[PDB]
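Chains as they are written, first to last, in the working numbering: chain V, 170 to 673; chain C, 68 to 167; chain X, 2 to 481; chain D, 2 to 56.
Here a beta-carbon is modelled for each residue, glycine too, at the ideal position from N, C-alpha and C.
I have placed the structure first, in the form of structure tokens, so that the comments after it can refer back to it.
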Amino acid sequence: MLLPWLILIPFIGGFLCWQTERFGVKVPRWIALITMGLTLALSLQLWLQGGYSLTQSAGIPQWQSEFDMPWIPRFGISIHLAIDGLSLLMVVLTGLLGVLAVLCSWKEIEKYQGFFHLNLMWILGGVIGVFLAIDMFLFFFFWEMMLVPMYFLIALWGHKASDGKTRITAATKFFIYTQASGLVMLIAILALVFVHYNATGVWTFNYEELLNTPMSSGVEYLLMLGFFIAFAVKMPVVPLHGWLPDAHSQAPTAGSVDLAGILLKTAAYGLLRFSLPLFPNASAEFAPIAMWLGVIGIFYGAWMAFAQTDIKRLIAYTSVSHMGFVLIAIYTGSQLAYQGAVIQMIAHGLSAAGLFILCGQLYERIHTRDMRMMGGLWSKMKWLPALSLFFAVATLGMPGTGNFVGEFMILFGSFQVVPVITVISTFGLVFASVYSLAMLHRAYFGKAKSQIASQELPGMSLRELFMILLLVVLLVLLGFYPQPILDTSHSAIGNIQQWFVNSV
Amino acid sequence: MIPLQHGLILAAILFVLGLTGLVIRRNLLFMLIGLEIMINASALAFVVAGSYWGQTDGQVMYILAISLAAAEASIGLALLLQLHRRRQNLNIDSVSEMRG
Amino acid sequence: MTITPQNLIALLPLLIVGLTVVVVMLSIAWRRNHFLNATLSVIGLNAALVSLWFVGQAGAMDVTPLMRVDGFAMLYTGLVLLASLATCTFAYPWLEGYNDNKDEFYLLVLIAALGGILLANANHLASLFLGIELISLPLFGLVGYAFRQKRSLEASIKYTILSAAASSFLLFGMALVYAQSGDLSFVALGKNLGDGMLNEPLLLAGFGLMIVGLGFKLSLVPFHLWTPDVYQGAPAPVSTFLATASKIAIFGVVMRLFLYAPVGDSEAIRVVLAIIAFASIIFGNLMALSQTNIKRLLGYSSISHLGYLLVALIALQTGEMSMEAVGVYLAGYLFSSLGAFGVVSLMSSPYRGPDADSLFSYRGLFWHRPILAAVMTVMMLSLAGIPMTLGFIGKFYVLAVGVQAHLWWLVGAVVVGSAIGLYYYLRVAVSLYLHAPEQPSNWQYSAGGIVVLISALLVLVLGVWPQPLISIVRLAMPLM
Amino acid sequence: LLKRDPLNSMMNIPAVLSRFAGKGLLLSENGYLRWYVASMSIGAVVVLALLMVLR
Ligand SMILES: CCCCCCCCCCCCCCCCCC(=O)OC[C@H](COP(=O)(O)OCCN)OC(=O)CCCCCCCCCCCCCCCCC
Ligand SMILES: CCCCCCCCCCCCCCCCCC(=O)OC[C@H](COP(=O)(O)OCCN)OC(=O)CCCCCCCCCCCCCCCCC
Ligand SMILES: CCCCCCCCCCCCCCCCCC(=O)OC[C@H](COP(=O)(O)OCCN)OC(=O)CCCCCCCCCCCCCCCCC
Ligand SMILES: CCCCCCCCCCCCCCCCCC(=O)OC[C@H](COP(=O)(O)OCCN)OC(=O)CCCCCCCCCCCCCCCCC
Ligand SMILES: CCCCCCCCCCCCCCCCCCCC
Ligand SMILES: CCCCCCCCCCCCCCCCCCCC
């Protein structure tokens, strides 16, 4: 009953951010702050009242909360939301990152700031809707819902130092990739619904009824491939990754845009919720190809991140490699690897959010993004290079941060299932250390390679320092005490895994 | 004792000749003339079809066809007069400013 | 058969539009007045909508050997009437800028609407041919209404010559079909065949020549090359009418013809129409890629969208929701094209004379026309099939229809063409909000703005909540 | 060797093919009415031949 409000509070908040711009130009940032605060507080209350640590696995369907309302009764389409542990963790994560995105866009007050905030809130509400929707048409609708505010954020409010045409090019590349993949997913959804209708005779887009739909191996493989292509563009999975560094480089220079739209992983959750249960045999036969695609993604993302002269492109390719790890984890049959994948998703969200925020602050201070135009910035800036050192250490895979817990539980489960791919992925961890040290050496250590680098730069203010330190504390606590997260996601992960391994 | 095939073949011959005149002629007046040959061939085909079946519908189709031919001939000749008055030239290739 | 009083009350939109044509003509003859004659035309069209309500209160029946009135006829009549009313509303400020006579515009719009109503009710080859011609000839006048302007005269000449050729092709194909089948009614085109002999060579050839004429009229490949020229050169309200009402009415009569004719389920015609649909989708989307002209872009857009509709037509004899998909998609396409061509019409109004340029210059439109920019970007999203818009609902219907009928090449064509559409539609929608260096006050201009804003609100609301439109189109059922 | 993303290029070549095919198809829109009539007659020949072949 709170899930409709979990989606509607961002949308009403964005409408109010647009509407209360007339009383002041410093007002819409406030209204955005309250609406993401209430969204985060509602998600936290759903965590507190859910009792996710005590609930046991009983098989799909098993939702801690549910909501249904008919939307298009001709096709059997309803606004059908449901929440369990995995969805709850993703919703709490996107609420926290939405609050951090509102905080990151602070002190940036100009005309049509309310429209920026409205686009931000609509992106975040669409992300929450993808995490909550458990009927296929509403899931697809929310899937394509975020991309229009995302497109207008990249194209209109993007990197102000760009030509103006490159921002439009990156936004168009991102939109075309994501929407063509979504359309292929819609073809798969439609064909699955028609197969179910030919089997039974009733229209349903509900995911619970579409489970155990009798179909042949070729048809199931094709439907799984359509779903996988949609989830592979947005994960990203190589070679469908090309939109990501260009969208990150041309995104609004605060980096709040990255946190709100580009950095959350609806694709891994989509694979876990709708690929493995809906098509278990097809996912079982597709597992070698997807695991090798994940291996290639790890090493390709590492080699790309090492070759970048741009910080933002570097961090985007770090995201590519870590999602290669998650893609290997998803197609195993291991509960341990799935729990590691959940921890990895949360920790990569936190760590990449910190990295992108710190890069935005660094660009604000030095007005350039070329690593060859700076050096020895440790001696010039008070707080930023040490926190950037911590976040490079976190994305490196260091114990004490949640990234290590995620990667290593993934690798333990994967080695129980597939040893060779696990070995190659650990050498991927070596490559990750290589690019993290390369970024640290090129940016903050050495001598100044330009005149702007050899100047005393102003320190971080209290708000941005406090949000960075909150991210640091959350990453350290996730590294040392990841048990509440595992207890939250345990029942959902057990349901997904027991469905996937018992039907093959 | 006339086959329907012979009347239909004659109508097809006239339609093909009118279309050839519409394509190969660069003067707009001769394009309009070929259009009249085409629509008259279509009306002849309808009359042949109606006279085979012994029905009045073929001549009614002819009547509607020649009503269209009259009205579209008047419109085409008004446009031809406007083109001649605006450009002093009946070239259909010269009126080509709009292009991809 | 004769015409009963029941046949008269079913004939009500046609009678009201014909009486409006006569009344408007007599008012023109009494004195040349722009405002009162525009008012009389729009009053006649609104009375025709209420007449459609009264027709709906009556039953579905065959008013002539020629006409058949059912919920299908009522729906497509309503679509044609809405497009005509919007064309009159857009036409008034543009004609207020005009210098010559500005009431024959409304006379031609009314006669073209009469042809649209006839095509909505057409159950015969007679009424099909006559409705096509009654659409075409007033559009010959309307496309070249500003004949002193070079582009309008050129578009008039091109449309007139090519539509005369297409009507010759359609008439010859009709004659060949009538030579094979002794009756001209839609239900009888192929009744005198059996034991798998539906593929009679003369019936197929006649239907092919009719396909040539109808595919000219629907801008289907390879009879599409006229579309960007006539769309760019014509007056902007004429572009609105030619984009909406002509295509809607002709595609509706093509629906009824292929639904009723026993040769409509021929495999050869299905394969030929599948080829035309594939080529139309791909070619229109590919050709709108590099267009700086908004009207040519919308012309190639119409080519692609009619290809999507033709895909929905191919599955008419296999699936069940083909007519439903065509109705929903046609309502959405009507409202999208009304909004887009209305923004183009309002920014080109009043008329600036035959010598002055009529360029849209959509770049930076938001900084001086914000509401028009919002309406135009809603249309650009809707024509791209973006969810939260009614164009996506139509695209979803087309995809479901193709998936049911196992038309996989057509479904892949829709996906590829939709991606290309995303490129050029988003290019226009984001150029609306950039910055441009350099480059009303009456209630009719405000009425046109109200029309495009209501179209935007309809597209958004029925994209979010499409159930009322689906319910309306579902009860508009033709005779089985 | 990989510093300029090769996978991005081999996924961007459909856009290059789309632009090339669109520019090639725009050659038919030369604006000549006689070519438009010729194209309609060519399409008529193609449609009729397809109907006779497929039957
Ligand atoms: C403008 C130009 C550029 C744009 C356009 C470019 C081209 C676009 C179109 C690309 C896709 C082409 C069509 C792919 C689907 C082919 C389907 C097919 O051949 O199905 C045959 C068969 C059907 O199964 P059936 O035999 O009926 O099952 C019952 C008993 N077995 O199927 C089977 O039995 C199963 C077959 C499975 C494998 C076929 C699909 C291959 C897909 C390759 C791409 C994805 C690769 C993996 C993911 C990569 C990373 C995301
Ligand atoms: C709201 C969402 C958007 C909708 C967009 C619609 C666009 C097209 C507008 C016209 C559509 C007309 C469709 C009519 C279908 C009717 C089918 C039918 O069979 O209806 C039967 C019903 C009476 O029921 P029954 O008892 O069965 O009658 C027969 C018994 N002898 O009879 C009826 O129900 C009668 C129906 C009368 C319709 C009158 C319409 C008046 C004009 C309405 C315009 C709305 C504004 C749209 C544009 C806004 C501006 C851009
Ligand atoms: C560019 C992107 C778009 C690409 C083009 C669009 C998708 C093309 C898919 C090609 C499918 C080929 C199918 C070949 C056999 C068809 C005839 C047949 O026998 O089908 C089997 C079956 C119908 O037979 P029935 O007796 O009803 O059995 C029901 C239970 N199967 O059939 C059914 O029940 C339904 C069969 C559904 C087939 C798959 C539909 C979804 C496809 C997902 C996306 C495409 C594949 C992955 C991506 C490729 C690369 C882009
Ligand atoms: C790995 C294989 C299996 C998985 C396949 C999955 C397919 C769906 C998801 C991937 C889609 C990839 C799309 C790649 C192109 C993205 C569009 C793009 O790059 O746009 C930017 C570009 C404009 O930039 P610029 O080059 O500066 O402009 C010159 C003109 N002024 O724009 C242009 O230059 C023009 C853009 C034209 C329209 C977009 C391109 C459409 C191409 C077909 C789309 C469907 C593809 C189907 C599969 C193809 C084979 C993989
Ligand atoms: C719900 C409708 C979604 C699609 C329509 C989008 C248009 C919404 C209304 C207009 C928004 C204008 C935003 C302009 C921002 C310009 C910023 C310039 C300075 C950075
Ligand atoms: C230039 C643009 C080209 C776009 C082409 C789009 C093609 C999409 C993929 C079509 C795949 C069709 C597969 C048909 C399989 C039929 C199997 C029948 C078995 C009896």
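- Per DSSP, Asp6/D lies in no alpha helix (DSSP H) segment and is marked neither H nor E.
- With respect to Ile480/V, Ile621/V sits apart: the two C-beta atoms are not nearer than 7 Å.
- Within 6 Å of the C-beta of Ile297/V there is not a single heavy atom belonging to ligand 4.
- For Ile91/C, the uninterrupted alpha helix (DSSP H) segment begins and ends at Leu71 to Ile91.
- In this structure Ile80/C is exposed. Its beta-carbon is surrounded by fewer than 16 other beta-carbon atoms within 10 angstroms.
- Under the Cβ criterion of 7 Å, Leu27/D is counted among the residues facing chain X.
- In this structure, the CA atom of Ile304/X is about 6 Å from the CA atom of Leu221/X.
- At least one heavy atom of ligand 2 sits closer than 6 Å to the Cβ of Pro469/X.
- In terms of Cβ geometry, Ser182/X and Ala176/X do not form a close pair [threshold 7 Å].
- At least one CB of chain V lies nearer than 7 Å to the CB of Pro388/X.
- For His249/V, the uninterrupted beta strand (DSSP E) segment begins and ends at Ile246 to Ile252.
- The criterion of a C-beta distance shorter than 7 Å is satisfied by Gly403/X and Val412/X.
- The beta carbon of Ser274/V sits closer than 6 Å to those of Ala423 and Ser425, all from its chain and outside the five residues before and after it, given in chain order.
- With a cut-off of 6 Å, the C-beta of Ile249/X is classified as distant from ligand 2, since no heavy atom of the ligand falls inside that distance.
- Contact holds between the region 333-348 of chain X and the region 371-388 of chain X, because three or more Cβ pairs, one in each stretch, are under 8 Å apart.
- Against chain V, the CB of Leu8/D has a partner CB under 7 Å away; the residue lies at that interface.
- For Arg166/C, the C-beta contacts it makes with chain D under 8 Å involve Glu30, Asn31 and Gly32, in order along the chain.
- Residue side-chain check: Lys342/V places its Cβ nearer than 6 Å to a non-hydrogen atom of ligand 4.
- With the criterion set as a beta carbon lying under 7 Å from some beta carbon of chain X, the members of the region 339-359 of chain V are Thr341, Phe344, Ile345, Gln348, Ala349, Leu352, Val353, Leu355, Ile356 and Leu359, in sequence order.
- The Cβ neighbour count for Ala368/V, taken over all protein chains shown within 10 Å, is under 16; the residue is labelled exposed.
- Pairing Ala250/X with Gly117/X gives a Cβ-Cβ distance under 7 Å.
- Exposure of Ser630/V is indicated by the presence of fewer than 16 other C-beta atoms within 10 angstroms of its C-beta.
- Linking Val353/V to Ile345/V through their CA atoms gives a straight-line distance of about 12 Å.
- In the assembly as shown, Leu20/X is an exposed residue. Its beta-carbon has fewer than 16 other beta-carbons within 10 Å.
- The bridge partners DSSP lists for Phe236/V are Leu250/V.
- Within the chosen limit of 6 Å, ligand 1 does not reach the beta carbon of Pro446/V with any heavy atom.
- DSSP places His286/V in the helix class (H, G or I) of the three-state scheme.
- About 10 Å separates the CB atoms of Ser137/X and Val144/X; that is not less than 8 Å, and the two are not in contact.
- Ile278/V carries a coil assignment under DSSP once its states are collapsed to helix, strand and coil.
- For ligand 6, the residues with a Cβ under 6 Å from any of its heavy atoms are, in chain order, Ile283/X, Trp409/X, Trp410/X, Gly413/X, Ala414/X and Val417/X.
- Shown in chain order are the members of the region 402-421 of chain X whose Cβ falls below 7 Å from a Cβ of chain V: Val404, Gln405, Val412, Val416, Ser419 and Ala420.
- When the Cα atoms are used, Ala22/D and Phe308/V turn out to be separated by approximately 35 Å.
- Check the Cα spacing between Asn450/V and each of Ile337/V, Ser226/V, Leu380/V and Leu257/V: the tightest is with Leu380/V.
- For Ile372/X, the shortest separation between its Cβ and any heavy atom of ligand 3 does not lie below 6 Å.
- Scanning chain D for C-beta atoms nearer than 9 Å to the C-beta of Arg153/C yields nothing, as the closest lies near 16 Å away.
- When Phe284/V, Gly470/V, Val562/V and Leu580/V are compared, the shortest CA-CA separation from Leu8/D is found for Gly470/V.
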